[PDB]
Number of protein chains: 2
Amino acid sequence: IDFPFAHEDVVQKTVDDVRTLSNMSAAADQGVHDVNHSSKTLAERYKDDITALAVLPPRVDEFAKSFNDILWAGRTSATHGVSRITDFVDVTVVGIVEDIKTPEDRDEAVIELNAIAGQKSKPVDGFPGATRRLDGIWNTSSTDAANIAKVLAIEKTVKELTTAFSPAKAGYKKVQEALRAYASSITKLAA
Amino acid sequence: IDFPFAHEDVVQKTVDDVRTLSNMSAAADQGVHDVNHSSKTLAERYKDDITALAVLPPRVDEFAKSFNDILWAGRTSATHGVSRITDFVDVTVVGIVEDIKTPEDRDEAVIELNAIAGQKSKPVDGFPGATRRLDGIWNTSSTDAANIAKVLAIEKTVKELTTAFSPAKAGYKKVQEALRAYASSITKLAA
Ligand code: NA
Ligand code: NA
């Protein structure tokens, strides 16, 4: 029963991944706006004499807005990533799997981990960088849920489960905060 | 009988006009290519991760090529401007009006000045800066031709004409060389 985020080396690699995804989005968005700004200033610089230069900024602006939508599609996937980790770690694992009592309780536990492992993610169209690193994190949860759920079918196994998953929690919260900061940053980009 | 290019102040204002037209074309073309270059490098910088960024350079490139055509339409008008001055000053004035002999000769002179005054210019679509400064020079010839042609209908008037137009010749050649250099520069821009 390995938990990829129970190891500090994996957690850092994953936090970097998200940082890299956040920073890239910032850099690229600026790059697009600098191009867009530069385009506008140029047409303004020769607006009296060169009338055709006005045709360009609108073309660069229509793209800039398409680009912003993709960046916000990325944000949306990141927030669902934050939600997902809360539902796995806090609602399911700590809420149910650590507080297991009755058949009717674990009836929730093993199912609720199954519903989690069965969930998939909308990819970010035109942003395969975001799709790849986000799916990688989404799927760590799916795999950890599955593993945990297979290791039922009691009270002995649960104390081992709790103890074994414990090192993963700080890992998960580390990754959740990275995603949460990436999602926050996107909202602030247009400023 | 004033000749606008017989005065050193007007000739300079006109040479500047053309210089301003040459330099602007250079500056703006570079401005468009810098934007275009910057657009391409940006998509290259994030080609693995951000697939949608590739949509932009093609849009900026289609414009860049439209822009080059306008700059070359400007060149074409400038070269016709050079040709025009040669036909007025060197072929007509010095070729015919200074060498006037017979009725059949001046039959050419007054007509040939009339055909000149009757010629008009194709404007440079999307480049009203170029249209304005080029038409201004085109029309100085048209007006000077007309004036000269009205001041027939002999051998007395011709020596006054010759002498009076003389200060204009250096003016014209000054303007022709400016236009000739502007036309030359355009051919070299894409490099
Ligand atoms: Na894990
Ligand atoms: Na003149």
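Computed from heavy atoms alone, side chains included, the values below leave out hydrogens, waters and symmetry copies. By convention in this document, chain letters (A, B, ...) are assigned in the order of the sequence lines, proteins followed by strands, and residues within each chain are numbered from 1.
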Single-linkage hydrophobic cluster, 4.5 Å side-chain cutoff, B/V93 and B/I1 together: yes
For A/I70, is it the side chain, the backbone, both, or neither that has a heavy atom closer than 4.5 Å to a heavy atom of chain B? side chain
So what's closer than 4.5 Å to chain B heavy atoms on A/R45: side chain, backbone, both or neither? neither
Assert top hit (heavy-atom pairs under 4.5 Å, partner chain B, pool A/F67, A/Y46, A/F63) equals A/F63
So how far is it from B/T51 OG1 to A/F127 CZ, rounded to the nearest 0.5 Å? 10.0 Å
To the nearest 0.5 Å, what is the distance between CE (A/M24) and CD1 (B/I50)? 5.5 Å
Any residue of residues 180-191 of chain B which, by heavy atoms, sits under 4.5 Å from chain A: none
Winner by heavy-atom pair count (cut-off under 4.5 Å) against chain A, out of B/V55, B/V60, B/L53: B/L53
Using the rule that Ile, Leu, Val, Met, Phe, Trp and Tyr join whenever any side-chain heavy atoms are under 4.5 Å apart, tell me whether A/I96 and A/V91 fall into a single cluster. no
Report the option among A/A130, A/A54, A/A52, A/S39 that has the most heavy-atom pairs separated by less than 4.5 Å from atoms of chain B. A/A52
A/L21 portion near chain B, given a 4.5 angstrom heavy-atom threshold: neither
Using a 4.5 Å heavy-atom cutoff, which residues in residues 25-35 of chain A come close to chain B? A/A27, A/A28, A/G31, A/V32, A/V35
